[PDB]
Amino acid sequence: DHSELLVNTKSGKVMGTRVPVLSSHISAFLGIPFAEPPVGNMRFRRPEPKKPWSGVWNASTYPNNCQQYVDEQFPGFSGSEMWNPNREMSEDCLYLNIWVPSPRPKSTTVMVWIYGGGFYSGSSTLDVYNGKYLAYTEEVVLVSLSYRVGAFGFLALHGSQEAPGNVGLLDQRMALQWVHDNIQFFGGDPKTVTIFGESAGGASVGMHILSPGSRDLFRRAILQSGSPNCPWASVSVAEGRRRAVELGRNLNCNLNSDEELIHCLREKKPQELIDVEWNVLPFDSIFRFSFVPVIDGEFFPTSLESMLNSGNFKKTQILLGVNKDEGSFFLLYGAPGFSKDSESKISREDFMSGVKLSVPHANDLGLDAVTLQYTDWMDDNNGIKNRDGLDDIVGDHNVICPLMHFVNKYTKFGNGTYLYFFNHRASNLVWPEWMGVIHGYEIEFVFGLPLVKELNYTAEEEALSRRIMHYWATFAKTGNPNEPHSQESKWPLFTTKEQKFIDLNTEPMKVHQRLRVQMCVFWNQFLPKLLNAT
Ligand SMILES: O=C1C(NCCNc2c3c(nc4cc(Cl)ccc24)CCCC3)=CC(=O)c2c(O)cccc21
Ligand SMILES: *[C@@H]1O[C@H](CO)[C@@H](O[C@@H]2O[C@H](CO)[C@@H](O)[C@H](O)[C@H]2NC(C)=O)[C@H](O)[C@H]1NC(C)=O
Ligand SMILES: *[C@@H]1O[C@H](CO)[C@@H](O)[C@H](O)[C@H]1NC(C)=O
Ligand SMILES: *[C@@H]1O[C@H](CO)[C@@H](O)[C@H](O)[C@H]1NC(C)=O
C-alpha cells in the first residue's frame, strides 16, 4: 500500500481524500485525532496523546465540533450562521485537518490555523476556514486544529490536577506537538511552521509565543485582531476559581471541596453547563467571556505584562494587525440601541450606557475620562457620531490598543514585526453598513474565498485576497511578507522608532505610522493610571 492519499505517521496510517479546488485538485486529510477523547473522567483534564491505532484511519470527512454555545440571535441569517458549528457537537472533538498540495511536496511551509470565538466557541470545520484555496494557491501545507472551549477547555481550580485550567491551550499545544512530530510525512517542513489565528485564536498565538512549554514547537506567528494581553483573554486564578464555584452553584452542585465540585460538574450533560455559563460573569458588560485562560504560574510563569517587559518570550518574526471597526460586532449583540436592520443612531443616553457596558472595570471618574476622550462637544447629539464613537471605544479598548501594546513590547526583543490595518468593506457583506469592517471579516480574504466566482466578490477583491494570501504565505516561508527583488510596493518592517504599518485594501499600498496612538496612549497609559490612583 503506497499512494498519494495514504500517509503513515507515528500514530498510524491515515487515508485522505482528493478535493477539487479552482479547476484542480489537492489532498485533504480531515478529522485526524491528536489526543484521547477528553470524555467522562477526563472532562477538564490535560489532554493525553492519542493512542496509536492499527489499520487505516479514515480521514475523508470533517470531525465533530467541540461542545459550545450556539448563536441564535439571527436564525438562518448567513452572517451569524457562518460561525456556528456546521457538524455535530461532541466532547470527542480533538482532531485536526490538513490540506496538502498535489503532488505531495517534500518539505514545504506549514501554516497552522487556530480558531477564534472568545474561548467559548469556534470550529475548525467552518466554510470560511477551508484550507484548500490557500494550500493550493500558495503551495503550503495548511493545518487546522481544534481545542476545547468554554468550561470544557478553561474551567480552572488552581491547585487541582483534575481541573487545573488552560487545558484548551494544552489542546492546541498537543496538536502543535503532533504537527512537529508528523507533518514531515505529509510533505511539510517541521522547521518552518507558522501558527496563525484570529480573535481568541490570535490571542492563543501570542500565548504560545509567551509560554516556555510551547515556544519550541513553531518557528513564526501571525496574530489577526487578538493579542494575549487583551482584557478579555485571561483571568487570575482567584477569578477563575470564583467562576468555577459559581458555575457549580448554578447547577445545584456541592461547593465544599474541589473534588466534590469537579465530580458534580463531570456528571452533567454538556448542554447543562452551556445553559448556565453566561451567568458567572462578574460585571454587566460586552466583549467579556466566561471561561478563559488563567495566569497560573505554569503555562504562564508570571503576569503577561512582566513577561513582555523582561523579554520572556519567543523571539522570532511576527506579522499582525487589526480591522477598522472591531467594536461593531459586540455592540450589535450586546449593547442597547444597536440593531441589525437599523442604522443604529444612538442617543446621548444609549451612549453613556454603552460606555459603562464597554468598560465595566471603570469607576465614575473613569467613565467620564472615556466619554470626554470620545465625544465631539461641538456636536454631542449627532446619533451617528455617538454610534461611531462607541464602535471606536470598543475596538480600541478590547482589540487595537492591546494589540499595539503587545507590538511595541515584542518589537523591542523580537526579530521582525510586520503590522497591518485591514479597512476594506466587502462588496457582498450581509451585515449592515454601520458595522463597517467587522471583527472576523478579514478571514475570508486570508483563506481565499474571493477567488471562488459564485461567492460574488469583485475582481479587485480577488486580487486583494491573492495579495494577502501571498503576503501571509511568503511570510510563513521566510519571515518577510515581501518577495525579494519583485517590483511591487514593499511592506516595511515595524520598528520601535518609526512604527510603520500598511493598510490592506483594494487601493495602492499606503504606509502610515503610529496606528491610533492618541487613543492607545489613553487606553494603555492614562486610564489604567487613573483607575489605579482612584
Ligand atoms: O465571540 C463572540 C460570539 N461568538 C459567536 C459569533 N461569532 C462571530 C465571530 C467573529 N465575528 C463575528 C462577527 C459578527 Cl457580525 C457576528 C458573529 C461573529 C470572529 C471570531 C469568530 C467568531 C458571540 C457573542 O455574542 C460575543 C459577545 O457577545 C461578546 C464577545 C464575543 C462574542
Ligand atoms: C534577526 O536576527 C539576525 C541574527 O540572528 C539578524 O542578522 C544579523 O545582524 C547582525 C547585526 O546587524 C550582524 O552582525 C549579523 O551579520 C547578522 N546575522 C545574520 C545571520 O544575518 C537580523 O538583523 C535580525 N533582524 C532584525 C530585524 O532584528
Ligand atoms: C470513510 O467513511 C466515511 C464516514 O461516513 C464515509 O462517508 C466514506 O464513504 C468512507 N470512505 C472510505 C474510503 O472508507
Ligand atoms: C450571489 O448572487 C445571487 C444573485 O443576486 C444570489 O441569489 C446568490 O445567493 C449569491 N450567492 C451567494 C453564495 O451569496
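Note: ideal-geometry Cβ built from the backbone for every residue, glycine included; neighbour counts use all protein chains shown. We did not get these values from a lab; they are worked out from the coordinates using the rules stated.
I'd like the full set of residues that are surrounded by fewer than 24 Cβ atoms within 10 Å (Cβ to Cβ) and either among the β-branched types (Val, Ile, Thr) or under 11 Å from the mean Cα position of the chain (by Cα) (or both), limited to segment 121-134.
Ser121, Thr125, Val128
Out of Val322, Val370, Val359, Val394, I need the residue that is of a type in the set (A, V, I, L, M) and in contact with a strand residue (DSSP E or B) (Cβ under 7 Å, 6 or more places away or on another chain). Which one? Before the answer, list the steps.
Values: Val370 fails: in contact with a strand residue (DSSP E or B) (Cβ under 7 Å, 6 or more places away or on another chain); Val359 fails: in contact with a strand residue (DSSP E or B) (Cβ under 7 Å, 6 or more places away or on another chain); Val394 fails: in contact with a strand residue (DSSP E or B) (Cβ under 7 Å, 6 or more places away or on another chain).
Within the list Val322, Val370, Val359, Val394, the selection yields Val322.
For segment 309-386, which helices (runs of 4 or more DSSP H) that fit wholly inside it have 2 or more residues that are touching a residue at least 12 places away in the same chain (Cβ under 8 Å) and crowded, with 22+ Cβ neighbours inside 10 Å?
Values: elements: 328-334, 348-358, 364-373.
So the answer is 328-334, 348-358.
Suppose the filter is touching a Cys at 6+ places or on another chain (Cβ under 9 Å) and not acidic (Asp, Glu); does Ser121 pass it?
Numbers: touching a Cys at 6+ places or on another chain (Cβ under 9 Å): yes; not acidic (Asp, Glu): yes.
Against the criterion (touching a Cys at 6+ places or on another chain (Cβ under 9 Å) and not acidic (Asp, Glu)), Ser121 qualifies.
Take the residues of segment 414-428 that are more than 22 Å from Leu210 (Cα to Cα) and of a type in the set (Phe, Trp, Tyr): which is farthest from ligand 3 (Cβ to nearest atom)?
Keep residues of segment 414-428 that are more than 22 Å from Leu210 (Cα to Cα), which gives 421-428.
Applying the additional criterion that residues be of a type in the set (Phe, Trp, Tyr) yields 421-422.
Details: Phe421: 43, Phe422: 37 Å.
Selected residue: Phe421.
Are any residues in segment 175-192 more than 17 Å from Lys13 (Cβ to Cβ) and part of a helix (DSSP H, G or I), and if so, which ones? Full working, then the answer.
We begin by selecting, within segment 175-192, every residue more than 17 Å from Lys13 (Cβ to Cβ); these are 175-177, 179-180, 188-192.
Passing the criteria: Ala175, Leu176, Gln177, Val179, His180.
Tell me the residue from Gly248, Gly226 that is surrounded by 15 or more Cβ atoms within 10 Å (Cβ to Cβ), under 23 Å from the mean Cα position of the chain (by Cα) and not hydrophobic (A, V, I, L, M, F, W, C), please.
Details: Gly248 fails: under 23 Å from the mean Cα position of the chain (by Cα).
From the options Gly248, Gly226, the qualifying one is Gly226.
For residues that are of a type in the set (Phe, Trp, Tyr) and either out of contact with any strand residue (DSSP E or B) (no Cβ under 7 Å at 6 or more places or on another chain) or in a loop (DSSP other than H, G, I, E, B) (or both), tally how many sit in segment 194-235. I'd like the intermediate steps shown before the answer.
Start the filter on segment 194-235 by keeping residues that are of a type in the set (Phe, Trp, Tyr), which leaves 196, 218, 232.
Pick out the ones that are also either out of contact with any strand residue (DSSP E or B) (no Cβ under 7 Å at 6 or more places or on another chain) or in a loop (DSSP other than H, G, I, E, B) (or both) and you get 218, 232.
Final tally of qualifying residues: 2.
Given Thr495, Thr506, which one is hydroxyl-bearing (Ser, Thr, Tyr) and either within 16 Å of ligand 2 (Cβ to nearest atom) or under 26 Å from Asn229 (Cα atoms) (or both)?
Working: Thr506 fails: either within 16 Å of ligand 2 (Cβ to nearest atom) or under 26 Å from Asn229 (Cα atoms) (or both).
Within the list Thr495, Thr506, the selection yields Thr495.
Is at least one residue of segment 455-462 more than 16 Å from ligand 3 (Cβ to nearest atom), over 24 Å from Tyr133 (Cα atoms) and among the aliphatic types (A, V, I, L, M)?
Initial filter on segment 455-462 (more than 16 Å from ligand 3 (Cβ to nearest atom)): 455-462.
Subsequent filtering for residues that are over 24 Å from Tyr133 (Cα atoms) retains none.
No: zero hits.
Select, from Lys477, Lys412, the only residue that is away from ligand 1 (no atom under 16 Å from the Cβ), touching a strand residue (DSSP E or B) at 6+ places or on another chain (Cβ under 7 Å) and part of a helix (DSSP H, G or I). Quick ask: steps written out before the conclusion?
On the way: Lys412 fails: touching a strand residue (DSSP E or B) at 6+ places or on another chain (Cβ under 7 Å).
Matching residue, one of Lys477, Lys412: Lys477.
Give me the residue from segment 424-473 that is of a type in the set (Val, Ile, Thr) and either more than 23 Å from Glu488 (Cα to Cα) or surrounded by 19 or more Cβ atoms within 10 Å (Cβ to Cβ) (or both) and, out of that set, farthest from ligand 1 (Cβ to nearest atom).
Of all residues in segment 424-473, those of a type in the set (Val, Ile, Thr) come to 430, 437-438, 443, 446, 452, 458, 468.
If we keep only those that are either more than 23 Å from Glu488 (Cα to Cα) or surrounded by 19 or more Cβ atoms within 10 Å (Cβ to Cβ) (or both) too, we end up with 430, 437-438, 443, 446, 452, 468.
Details: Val430: 9, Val437: 11, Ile438: 5, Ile443: 7, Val446: 12, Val452: 20, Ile468: 17 Å.
Restricting to residues being of a type in the set (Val, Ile, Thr) and either more than 23 Å from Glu488 (Cα to Cα) or surrounded by 19 or more Cβ atoms within 10 Å (Cβ to Cβ) (or both), the top hit is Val452.
Just to verify a result, which residue in segment 426-472, among those that are among the β-branched types (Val, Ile, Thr) and in a loop (DSSP other than H, G, I, E, B), is farthest from the chain's Cα centre (by Cα)?
Initially, segment 426-472 is screened for residues among the β-branched types (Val, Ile, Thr), giving 430, 437-438, 443, 446, 452, 458, 468.
If we keep only those that are in a loop (DSSP other than H, G, I, E, B) too, we end up with 430, 437-438, 452, 458.
Working: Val430: 22, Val437: 17, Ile438: 14, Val452: 24, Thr458: 27 Å.
Among those that are among the β-branched types (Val, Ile, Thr) and in a loop (DSSP other than H, G, I, E, B), it is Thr458.
So, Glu198, is that one buried (at least 23 other Cβ atoms within 10 Å of the Cβ) and among the acidic types (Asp, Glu) or not? Walk me through it before giving the result.
On the way: buried (at least 23 other Cβ atoms within 10 Å of the Cβ): yes; among the acidic types (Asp, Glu): yes.
So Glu198 passes the test.
Where residues in segment 258-297 are crowded, with 18+ Cβ neighbours inside 10 Å and in contact with a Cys (Cβ under 7 Å, 6 or more places away or on another chain), which of them is nearest to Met89 (Cα to Cα)?
Filtering segment 258-297 for residues that are crowded, with 18+ Cβ neighbours inside 10 Å and in contact with a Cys (Cβ under 7 Å, 6 or more places away or on another chain), the one nearest to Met89 (Cα to Cα) comes out as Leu265.
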